[PDB]
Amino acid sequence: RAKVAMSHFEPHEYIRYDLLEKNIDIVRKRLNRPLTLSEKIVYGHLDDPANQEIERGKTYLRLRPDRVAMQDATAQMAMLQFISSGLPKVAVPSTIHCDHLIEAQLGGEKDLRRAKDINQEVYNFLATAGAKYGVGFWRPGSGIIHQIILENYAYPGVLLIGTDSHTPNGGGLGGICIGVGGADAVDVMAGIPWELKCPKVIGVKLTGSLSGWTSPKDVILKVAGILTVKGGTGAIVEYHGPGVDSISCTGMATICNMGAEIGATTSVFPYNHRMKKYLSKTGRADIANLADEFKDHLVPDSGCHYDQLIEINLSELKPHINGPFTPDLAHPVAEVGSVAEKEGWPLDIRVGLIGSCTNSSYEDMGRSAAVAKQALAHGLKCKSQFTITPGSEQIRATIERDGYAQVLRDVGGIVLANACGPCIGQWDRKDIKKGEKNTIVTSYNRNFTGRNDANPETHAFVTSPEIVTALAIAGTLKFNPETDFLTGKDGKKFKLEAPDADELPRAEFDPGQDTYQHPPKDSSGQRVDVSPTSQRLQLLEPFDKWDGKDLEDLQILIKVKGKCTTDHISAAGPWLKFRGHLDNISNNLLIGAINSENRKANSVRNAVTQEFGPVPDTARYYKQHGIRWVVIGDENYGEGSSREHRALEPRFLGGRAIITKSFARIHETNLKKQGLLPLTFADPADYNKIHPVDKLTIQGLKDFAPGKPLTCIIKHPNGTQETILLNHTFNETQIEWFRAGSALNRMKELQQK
């Protein structure tokens, strides 16, 4: 066909639209129905399109992703498991991005220099394992994983997996980009088929066009309010309609990015001329030209069926701000001042934060600078503190060159390194004490309790970068940029004009400094050294194979009440230090979950000593004494970030099963991967039949089978027993992971020894 390379760094790896077309055509001759766009890309990547069983919401697809991307808080454990597989080189284009371990304190260059010193052991490990196994390495300072991927690696029709739940960001360039745990990335780096439950497809038809203050962020702030955080589970969101041409390519990436907050498998937009324009301005006109020749396969089929349709009229959409402790609590900016007042949310904004991968594009920085130049023209600066995170080095060099960074510095902003920083709590925040109630507004995406600064009483609202800038200047939520007046230095009242800015630089992007490190694909004789006394890195010891017996008289470690995110199960912030060390990070296990017994966090009853204490310590005491335990949870257990640490930590501390009303997708997969049993109540009311003191027996593991429920005997203290049934979503592939002790153990069994 064409020999067009997948990126500038892999001149030999060609895009295979011929393969994609061939597979789409085998599959549509079988289904004889129109295919949505996500169906074309996903089924076009099937390992076996002729025989694969295809039913939305029901079958597991065996897929062949084109490339793997990892960020440094999840890459360490993905690479420690790849190192245990014993395989010599990764089988597909793979990258590591060092963006999660740079703490915001002093701003830019200073914070990067400090991070490089503090994290030297880890950056060393990743660069060395990268050179040895043939993984490309983007150095600290290079940028946030998803911005580097949009700028260099994402293209129409790619199937990309990344160890991060905002990998869907890449849907803004017509690709299917899916968040996974490190063990799924090991499957693909090892060359074995990746499995994904066939998704449902929610269509969102966009009509009209954006105007004035309304920006691409408002479309997904509105969709999250409609669908709620559990509304997109098991589905891909596919944007279509005449209003799509109205959104810039980075705007589409913003909307696809935050679809992670409704639990969606990923989101995607159809190839159109805005993507073509972005590919040409990022050095990839040859890929835009090839995609023009395969355009029919990069847009949905006429009359394709969506399982749910939502219509949004862009012309009527007005600015939104969401939170404070969930991303689906949506409010127009116009009314948040009044709702805050009513609910007792602090009206004064201590810090306004723009950027992160969700909103750090050139157009986002241009629009925020456009609001900031007006305030400056009246002698004002920010009343709130104000920080700016550029998404990559190229965006930092280009907004610097085109003068937007200086406007943002002149209004009182501090430019932070090109890293997650405050978005995952890597922020040395000193202005409030812990427990001090206060309000910050961000252009980020998640706004859950204690995530930006480990303070549970910080009320974080997410909105667009131009609204964070307008509200940082005002310093209060009781300010609506569309209606209200500010007073200049000079005494005159003035109103902020809606920001207008270029979506891409008129000149080319300035690439900034050299930050990519290609693997020697020659040499590769590196020794990865993990010191046996390291506190940050530890080689894995394999988990135990299943004993062949049912699980009797299991102790409940904790019955969790309400929302239990992966930040409740395995907190980030300070714990990021231990992402490569399983025993040390297991000291945060479930310390944020609320115990139904006393409604406290990190205070559970030890069944032996009858002292209430920390959950980590109690799980280690049960493990030390041979007591196998269980977690009982509520709805959407495991919501949020993809960290497989939330599944590895309970396995390590002696857990056996997690029984809930429902699971978020990535956590449920991660639990199966590590040899635990994620089970759901066949009747959710049965959650109320189980009390912290009850012991449980799970029976029927001997004839464990796809579609057959497991029986659970609840043993009450008084001698009463109640039998209930538990469903699971294991297929046969996954039951083998459980029997072997973990998926990695099963893979090492298939290597003939």
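Numbering starts at 1 and follows the sequence shown.
In this crystal structure, the stretch out of 743-751 and 4-12 whose C-alpha atoms carry the higher mean B factor is 743-751.
Taking only CA atoms, the mean B-factor in the PDB entry is higher for 294-302 than for the other of 294-302 and 75-83. Reading the B-factor column for the CA atoms of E541, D453, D99, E238 in the entry, the top value corresponds to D453. Taking the deposited Cα B-factors for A507, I558, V180, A115, the highest one is held by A507.
In the deposited entry, the Cα temperature factor of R33 places it in the middle third of its chain's modelled residues. The entry lists a Cα temperature factor for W345 that places it in the highest third of the chain's modelled residues. Compared with the other modelled residues of the chain, the Cα B-factor recorded for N606 ranks in the middle third.
When all modelled residues of the chain are sorted by CA temperature factor, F704 is found within the highest third. For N322, the recorded CA B-factor ranks within the middle third of the chain. Only modelled residues enter the ranking.
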